[PDB]
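Scroll down for the structure; my scribbles are underneath it.
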Amino acid sequence: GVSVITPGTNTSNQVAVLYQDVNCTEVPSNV
Amino acid sequence: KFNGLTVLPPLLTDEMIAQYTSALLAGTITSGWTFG
Ligand SMILES: *[C@@H]1O[C@H](CO)[C@@H](O)[C@H](O)[C@H]1NC(C)=O
Ligand SMILES: *[C@@H]1O[C@H](CO)[C@@H](O)[C@H](O)[C@H]1NC(C)=O
């Protein structure tokens, strides 16, 4: 699954993304 | 691991829960029922 972490659009429009139990070397800054 | 089936981890680790029980246990050995 892919999850999106947001502080709320009434605070900011930045976003972070969690790729669930995926090794972070095969996803396709801060990794 | 499988086909469309996954297992999500719990939010509190086992280390955190053992920390919680040692705080309860040190509160009761030392203050009785006053800390609750
Ligand atoms: C939501 O927006 C309103 C007005 O734009 C503001 O008063 C309120 O503090 C905002 N809420 C948060 C959690 O920032
Ligand atoms: C992801 O793959 C690399 C390459 O084998 C490995 O070193 C790494 O440990 C893997 N990720 C995890 C969380 O083990």
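In the structure tokens, each chain is lettered A, B, ... as it comes, each chain's residues begin at 1, and ligands are numbered from 1 in order of appearance.
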
| said: Would you mind listing, as a PyMOL selection string, all residues of chain A that have at least one atom within 12 Å of chain B, where only C-alpha atoms are what counts? | reply: chain A and resi 1+20-22

Take the residues just selected and output them with N, CA and C atoms as an mmCIF file, in the first residue's frame.
data_model
loop_
_atom_site.group_PDB
_atom_site.id
_atom_site.type_symbol
_atom_site.label_atom_id
_atom_site.label_comp_id
_atom_site.auth_asym_id
_atom_site.auth_seq_id
_atom_site.Cartn_x
_atom_site.Cartn_y
_atom_site.Cartn_z
ATOM 1 N N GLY A 1 0.798 -1.205 0.000
ATOM 2 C CA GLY A 1 0.000 0.000 0.000
ATOM 3 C C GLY A 1 0.837 1.263 0.000
ATOM 4 N N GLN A 20 4.476 0.868 1.992
ATOM 5 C CA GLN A 20 4.389 -0.017 3.143
ATOM 6 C C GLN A 20 5.142 -1.307 2.866
ATOM 7 N N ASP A 21 5.972 -1.694 3.828
ATOM 8 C CA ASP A 21 6.880 -2.846 3.811
ATOM 9 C C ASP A 21 7.476 -3.107 2.428
ATOM 10 N N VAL A 22 7.963 -2.034 1.825
ATOM 11 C CA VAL A 22 8.735 -2.112 0.599
ATOM 12 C C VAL A 22 10.147 -1.646 0.901
#

| task | May I ask you to write as an MDAnalysis selection string all residues lying at most 12 Å from ligand 1, with only C-alpha atoms and all ligand atoms counted? | result | chainID A and resid 7:12

Per-residue DSSP, chain A, filtered to strand (DSSP E), as a CSV table (one decimal) with N, CA, C and O atoms, in the first residue's frame:
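Writing done, so here's out_20.csv:
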chain,number,residue,atom,x,y,z
A,2,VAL,N,0.2,2.4,-0.4
A,2,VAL,CA,0.8,3.7,-0.4
A,2,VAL,C,0.0,4.6,0.5
A,2,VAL,O,-1.2,4.7,0.3
A,3,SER,N,0.6,5.2,1.5
A,3,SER,CA,-0.1,6.1,2.4
A,3,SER,C,0.5,7.5,2.2
A,3,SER,O,1.7,7.7,2.0
A,4,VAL,N,-0.4,8.5,2.4
A,4,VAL,CA,0.0,9.9,2.3
A,4,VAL,C,-0.1,10.6,3.7
A,4,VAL,O,-1.2,10.5,4.3
A,5,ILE,N,0.9,11.2,4.2
A,5,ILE,CA,1.0,11.9,5.5
A,5,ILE,C,0.9,13.4,5.2
A,5,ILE,O,1.8,13.9,4.5
A,16,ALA,N,4.2,13.8,2.8
A,16,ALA,CA,5.1,12.7,2.8
A,16,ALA,C,4.4,11.4,2.4
A,16,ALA,O,3.2,11.3,2.5
A,17,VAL,N,5.2,10.4,2.0
A,17,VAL,CA,4.6,9.2,1.4
A,17,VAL,C,5.3,8.0,2.0
A,17,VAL,O,6.5,7.9,2.0
A,18,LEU,N,4.5,7.1,2.4
A,18,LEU,CA,4.9,5.8,3.0
A,18,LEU,C,4.6,4.7,2.0
A,18,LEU,O,3.4,4.5,1.6
A,19,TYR,N,5.6,3.9,1.6
A,19,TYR,CA,5.5,2.7,0.8
A,19,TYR,C,5.6,1.6,1.8
A,19,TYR,O,6.6,1.3,2.3

| query | Counting only C-alpha atoms and all ligand atoms, what residues are within 7 Å of ligand 2, given as a list in words? | reply |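 The residues near ligand 2 are residues 23, 24 and 25 of chain A.
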
| message | So the first atom is atom CA of residue B:15 and the second is atom CA of residue B:30; what is the distance between them in Å, to one decimal place? | response |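 Distance reported for this atom pair: 22.5 Å.
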
| If you run DSSP on the backbone, which residues of stretch 4-35 of chain B are helix (DSSP H, G or I), as a PyMOL selection string? | chain B and resi 14-31

The selected residues should be written to file as an mmCIF file, in the first residue's frame (atoms: N, CA, C and O atoms).
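Here's the written file again_11.cif:
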data_model
loop_
_atom_site.group_PDB
_atom_site.id
_atom_site.type_symbol
_atom_site.label_atom_id
_atom_site.label_comp_id
_atom_site.auth_asym_id
_atom_site.auth_seq_id
_atom_site.Cartn_x
_atom_site.Cartn_y
_atom_site.Cartn_z
ATOM 1 N N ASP B 14 7.382 -3.690 21.539
ATOM 2 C CA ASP B 14 7.384 -4.409 22.806
ATOM 3 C C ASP B 14 8.250 -3.724 23.844
ATOM 4 O O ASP B 14 7.993 -3.857 25.043
ATOM 5 N N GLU B 15 9.258 -2.993 23.395
ATOM 6 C CA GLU B 15 10.100 -2.223 24.290
ATOM 7 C C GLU B 15 9.310 -1.121 24.977
ATOM 8 O O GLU B 15 9.464 -0.896 26.180
ATOM 9 N N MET B 16 8.458 -0.435 24.230
ATOM 10 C CA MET B 16 7.625 0.609 24.792
ATOM 11 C C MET B 16 6.636 0.070 25.813
ATOM 12 O O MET B 16 6.426 0.694 26.855
ATOM 13 N N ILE B 17 6.050 -1.097 25.561
ATOM 14 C CA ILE B 17 5.102 -1.653 26.512
ATOM 15 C C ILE B 17 5.811 -2.152 27.766
ATOM 16 O O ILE B 17 5.276 -2.030 28.874
ATOM 17 N N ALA B 18 7.018 -2.695 27.638
ATOM 18 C CA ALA B 18 7.751 -3.048 28.841
ATOM 19 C C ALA B 18 8.162 -1.824 29.640
ATOM 20 O O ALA B 18 8.153 -1.866 30.873
ATOM 21 N N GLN B 19 8.479 -0.727 28.974
ATOM 22 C CA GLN B 19 8.659 0.545 29.648
ATOM 23 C C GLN B 19 7.432 1.010 30.415
ATOM 24 O O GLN B 19 7.565 1.498 31.540
ATOM 25 N N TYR B 20 6.248 0.892 29.825
ATOM 26 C CA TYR B 20 5.019 1.266 30.513
ATOM 27 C C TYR B 20 4.783 0.420 31.759
ATOM 28 O O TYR B 20 4.401 0.948 32.809
ATOM 29 N N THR B 21 4.976 -0.895 31.665
ATOM 30 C CA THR B 21 4.750 -1.696 32.855
ATOM 31 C C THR B 21 5.800 -1.462 33.926
ATOM 32 O O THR B 21 5.469 -1.535 35.108
ATOM 33 N N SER B 22 7.037 -1.144 33.564
ATOM 34 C CA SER B 22 7.990 -0.826 34.613
ATOM 35 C C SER B 22 7.707 0.523 35.261
ATOM 36 O O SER B 22 7.971 0.687 36.451
ATOM 37 N N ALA B 23 7.150 1.485 34.535
ATOM 38 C CA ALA B 23 6.700 2.700 35.197
ATOM 39 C C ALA B 23 5.516 2.469 36.129
ATOM 40 O O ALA B 23 5.464 3.083 37.192
ATOM 41 N N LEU B 24 4.551 1.627 35.757
ATOM 42 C CA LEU B 24 3.474 1.311 36.690
ATOM 43 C C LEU B 24 4.007 0.618 37.938
ATOM 44 O O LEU B 24 3.606 0.936 39.068
ATOM 45 N N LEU B 25 4.921 -0.319 37.751
ATOM 46 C CA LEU B 25 5.441 -1.097 38.853
ATOM 47 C C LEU B 25 6.341 -0.297 39.772
ATOM 48 O O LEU B 25 6.375 -0.573 40.970
ATOM 49 N N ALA B 26 7.077 0.675 39.263
ATOM 50 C CA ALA B 26 7.854 1.532 40.134
ATOM 51 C C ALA B 26 7.011 2.578 40.835
ATOM 52 O O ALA B 26 7.385 3.028 41.915
ATOM 53 N N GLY B 27 5.898 2.982 40.245
ATOM 54 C CA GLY B 27 4.945 3.850 40.895
ATOM 55 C C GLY B 27 4.279 3.188 42.071
ATOM 56 O O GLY B 27 4.121 3.806 43.121
ATOM 57 N N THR B 28 3.905 1.918 41.933
ATOM 58 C CA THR B 28 3.212 1.273 43.038
ATOM 59 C C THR B 28 4.142 0.805 44.152
ATOM 60 O O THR B 28 3.752 0.857 45.316
ATOM 61 N N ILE B 29 5.363 0.369 43.848
ATOM 62 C CA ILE B 29 6.291 -0.057 44.890
ATOM 63 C C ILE B 29 6.684 1.113 45.778
ATOM 64 O O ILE B 29 7.111 0.938 46.920
ATOM 65 N N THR B 30 6.485 2.326 45.301
ATOM 66 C CA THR B 30 7.187 3.460 45.869
ATOM 67 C C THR B 30 6.235 4.539 46.375
ATOM 68 O O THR B 30 6.586 5.294 47.282
ATOM 69 N N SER B 31 5.015 4.602 45.838
ATOM 70 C CA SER B 31 4.056 5.613 46.222
ATOM 71 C C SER B 31 2.710 5.054 46.635
ATOM 72 O O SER B 31 1.809 5.840 46.928
#
